[PDB]
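Data first, discussion second: the structure below is written as structure tokens.
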Amino acid sequence: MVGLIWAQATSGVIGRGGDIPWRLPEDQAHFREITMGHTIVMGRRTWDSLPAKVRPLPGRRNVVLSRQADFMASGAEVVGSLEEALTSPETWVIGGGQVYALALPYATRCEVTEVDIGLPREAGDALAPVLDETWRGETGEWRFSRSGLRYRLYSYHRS
Ligand SMILES: NC(=O)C1=CN([C@@H]2O[C@H](COP(=O)(O)OP(=O)(O)OC[C@H]3O[C@@H](n4cnc5c(N)ncnc54)[C@H](OP(=O)(O)O)[C@@H]3O)[C@@H](O)[C@H]2O)C=CC1
Ligand SMILES: Cn1nc(-c2ccco2)cc1C(=O)O
Ligand SMILES: [Co+2]
Ligand SMILES: [Co+2]
């Protein structure tokens, strides 16, 4: 089982400036619940975006994708292809835009959080992959976060 998990603004923006341009505490708990105990796969830039105290993410098999054959990430496995990182019972690809687009052809689930902020897409932004006709999803209802922002969960799956 290869899943993808991300939070996006409605526009599809997931990253900007090596950061996520919002903070949604509920989503962080949701991400932790979904990924805990499993293999997580991330691009090197997303690994870099994790503060030193959060890397590696506890209780998960942290795997980092990099074209750098020398690259070493303290607390994660560094591999040079996605298939190298996809050795699993359950793997969650956790970002960023590049690695999501690389991983979607091998994914059966996407756990999407949509953040209701009018964040327009800007050149250089990391974007969410757009899910086509093969993706069947169920919409969650709007929720309000402690952060003040409105958000809702999507659970996408394909057979
Ligand atoms: N839910 C969210 O909203 C999330 C948002 N983000 C955001 O995403 C943004 C970064 O995403 P992005 O900019 O796309 O960078 P990525 O995080 O996708 O990592 C990109 C790196 O992955 C490695 N890589 C990519 N393709 C391959 C390949 N085919 N083979 C081997 N290694 C590969 C390279 O590392 P090298 O260059 O070292 O070879 C590349 O630089 C940040 O702003 C981050 O905060 C991240 C995760 C979740
Ligand atoms: C920037 N940033 N990225 C993440 C993240 C966790 C999993 C994927 O991305 C958390 C944070 C944070 O709260 O600082
Ligand atoms: Co689980
Ligand atoms: Co299935």
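In each ligand, atom 1 is the first atom listed, and ligand 1 is the first ligand listed. Numbering starts at 1 and runs along the sequence shown. Below, each value reflects all heavy atoms present in this structure, side chains not excepted, and no hydrogens, waters or symmetry copies.
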Purely on distance, is any nitrogen or oxygen of [X] under 3.5 Å from one on ligand 1?
X     : answer
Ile5  : no
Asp19 : yes
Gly96 : yes

Under 4.0 Å to a heavy atom of [X] - the qualifying atoms of ligand 1, by number:
X      : value
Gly15  : 7 (C), 43 (O)
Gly97  : 11 (O), 12 (P), 14 (O), 18 (O)
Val99  : 18 (O)
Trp6   : 1 (N)
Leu102 : 28 (C), 29 (N)

Next item on the list: Could you tell me if any non-hydrogen atom of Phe31 lies under 4.0 Å from any atom of ligand 1?
Entry: no
Do [X] and [Y] sit in the same hydrophobic cluster, where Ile, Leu, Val, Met, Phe, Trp and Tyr count as joined when their side-chain heavy atoms come under 4.5 Å apart?
X      : Y     : answer
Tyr100 : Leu57 : no
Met1   : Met42 : yes
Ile20  : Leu24 : yes

Heavy atoms only: which of [options] is nearest to [atom]?
atom                    : options                     : result
atom 31 (C) of ligand 1 : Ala9, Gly80, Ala73, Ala126  : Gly80
atom 44 (C) of ligand 1 : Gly43, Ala128, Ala85, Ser49 : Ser49
atom 23 (C) of ligand 1 : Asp48, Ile20, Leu65         : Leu65
atom 48 (C) of ligand 1 : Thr46, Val112, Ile94        : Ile94

Would you confirm whether [X], through its side chain, and [Y], through its main-chain N or O, come within 3.5 Å as a donor-acceptor pair?
X      : Y      : result
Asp125 : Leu127 : no
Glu33  : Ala29  : no
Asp116 : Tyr151 : no

Note to self: Please give the atom name: the N, O or S atom of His38 nearest to the Co ion (ligand 3).
What the structure shows: NE2
Can you tell me which residue and heavy atom of the protein come closest to [atom], and the distance to 0.1 Å?
atom                    : answer
atom 40 (C) of ligand 1 : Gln98 OE1, 3.4 Å
atom 36 (P) of ligand 1 : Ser66 OG, 3.5 Å
atom 41 (O) of ligand 1 : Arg44 NH2, 3.5 Å
atom 2 (C) of ligand 1  : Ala7 O, 3.6 Å
atom 33 (C) of ligand 1 : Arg67 NH1, 3.7 Å
atom 15 (O) of ligand 1 : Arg45 CB, 3.1 Å
atom 5 (C) of ligand 1  : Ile14 O, 3.2 Å

Check: Measuring from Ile94:CD1 to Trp47:CH2, what's the distance to the nearest 0.5 Å?
Finding: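 Rounded to the nearest 0.5 Å, the CD1-CH2 separation comes out at 9.5 Å.
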Notebook entry, point to check: Does a side-chain N-to-carboxylate-O contact under 4.0 Å join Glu122 and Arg16?
Noted result: no
Check: So does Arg109 pair up with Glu111, basic N to acidic O under 4.0 Å?
Finding: yes
Check: Where on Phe71 is there a heavy atom closer than 4.0 Å to ligand 1, on the side chain, on the backbone, on both, or on neither?
Finding: neither
Next item on the list: Select one of side chain, backbone, both or neither to describe which atoms of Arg16 lie under 4.0 Å from any atom of ligand 1, heavy atoms only.
Entry: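 Backbone only; the side chain of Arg16 stays clear of ligand 1.
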Within the structure provided, determine whether [X] and [Y] are in side-chain contact (heavy-atom separation under 4.5 Å).
X      : Y      : answer
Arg136 : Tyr156 : no
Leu153 : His30  : yes
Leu131 : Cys110 : yes
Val13  : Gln8   : no

Item checked: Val63 and its side chain to side chain contact (heavy atoms under 4.5 Å, CB included) partner, picked from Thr91, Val78, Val41, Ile40 ->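 So the option named by the test is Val41.
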